[PDB]
Each structure stands twice: as C-alpha cells, then as structure tokens.
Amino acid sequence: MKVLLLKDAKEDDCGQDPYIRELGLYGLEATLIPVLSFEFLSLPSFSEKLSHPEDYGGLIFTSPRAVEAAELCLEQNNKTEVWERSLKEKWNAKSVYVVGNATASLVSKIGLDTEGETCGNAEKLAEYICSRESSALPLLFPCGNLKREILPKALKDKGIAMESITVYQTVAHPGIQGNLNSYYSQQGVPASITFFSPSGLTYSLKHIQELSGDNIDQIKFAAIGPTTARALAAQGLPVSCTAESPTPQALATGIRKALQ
C-alpha cells in the first residue's frame, strides 16, 4: 500500500526523511511531496542596514531563513570583507537576540555572539526584552512576512524601538501541481494522504481533488495533529487518522490502523 505525505519539506535524519523511513518499516511505500518553499527579499536594503550598525541597538533573528538572508546579502553586495573587517565586531558590541536552535547555530556561524537561543519562542523573547532597559536606537529585526510576526507589536506595546525588515517569505511550493501529476500518473491514487499543516492542505487540496476524481472517497486522509485535522474537517474531508503526537512513530501507528 502506497501513502503520500504532503509536508512542508523533506527532512534528513541520517540520509532519509524520518516519516518516510518509519512507514517503510511496515511495508508502507511512502512518498513525500513538499508543500512549502521560500524566497528571499530586499537583500540590498538588508545589506545597507547591516553596514550601518551605528543606527541600531541590536539584532533579532527568529528564523534560520533570516540568518541565511544575512549571509546572502553580505556576499552579493560586496560586504564580506567589511563584515569580517569592521561590521561583525561592531554588531557584536550591540545586543543580539535569537529564537530557535537552528537559528542560533547559524548565528554562531556568522560570528555574532551566540551561546544559542535563550528564547524558546517569540513570546518568551518579547518578555525578556521588555523586562530590561532598551536602547534608544531601534533593534533591527530581519524577518518573514509581517502578518505572521508577533514581535513587532509585542515590543512596541512596551515602548521598545525596533525596525523590522522582511528578508524572506514563505510561499506554496511551486511544484505541487506537477509533483502530484507525476505521482498519480506513475503510482495511481494513494491509499492514504497525510497533511502536516492547514497551509499544506490549502495549497494542495484542489490539485488532489482534480487528480483523484471520484476515487477521493477511498483515500484515507491523515493529519499530523488536531489543528490540521480541524482544517481537514473544515474542507469537509473525513479524517481517518490524527497522529497522537507529531512524530514518525505516532503517524505510522495511525496510518497502519487506518489501513488495516
């Protein structure tokens, strides 16, 4: 029995995506089609702000995408020398805040000082920043699309100066239609499709409908968690399985029972 995972991205745990590998333990042939992609934005502007630390009180990074954008805007605008020559240490004398273990690793990688997050998430960082005095110069926050960011309003509500710059945006993976086309043409309608977020559902459901035609009723739809399940229900799809926890093991258990 073939199963399809529509997940944000293919992960790599010692050579394989752990969700696909786990299903494989049980004779379940799983395929992953990614539903999220990203694009970088405003890197020249970001390079200019980076080259003027005297105008800022510090930096906030909450995503590896933003640190990647930093690396990228330095290379592209000829500021690599200067970063290593007169920027890195200038910015390191200021305050550098990080959320995310992956973010923190990259922050270490470009020189800034580091010692990881010490914030588990945006809301806890916001509390930490607001419990202390702040600089009269704004904190620079290279970020994602403003609609998903909560830091800008959390800090401003407590009087903290900040300047946000969107340097990456999350988008529907532009291969979804083609990848689903190829899968169904080669493999046929899958026994099960698992969604990993409401977004993924939004970006892929119409194509799944068109490809599945009237066989959609035979597909066992699975959700990695209740929020995703609720999004499934909202589109009126029956939820055959909701993983008890969002892990490869709990998904495989679910899919296996649903397919018995």
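Numbering starts at 1 and runs along the sequence shown.
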{"property": "Residue range whose averaged C-alpha B-factor is higher in the record, 150-158 or 137-145", "result": "150-158"}
{"property": "Given 99-107 and 167-175, the range whose Cα B-factors average higher in the PDB entry", "result": "99-107"}
{"property": "Of the residues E39, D217, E54, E68, the one carrying the largest Cα B-factor as recorded", "result": "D217"}
{"property": "Candidate residues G24, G236, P246, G15, the one whose C-alpha B factor the record puts highest", "result": "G236"}
{"property": "Ranked C-alpha temperature factor of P64 among modelled chain residues, by third", "result": "middle"}
{"property": "CA B-factor placement of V189, once the chain's modelled residues are sorted into thirds", "result": "lowest"}
{"property": "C130 - which third its CA temperature factor falls in, relative to the rest of the chain", "result": "middle"}
{"property": "Third assignment of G225 from its chain's C-alpha B-factors", "result": "lowest"}
{"property": "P34 - which third its CA temperature factor falls in, relative to the rest of the chain", "result": "lowest"}
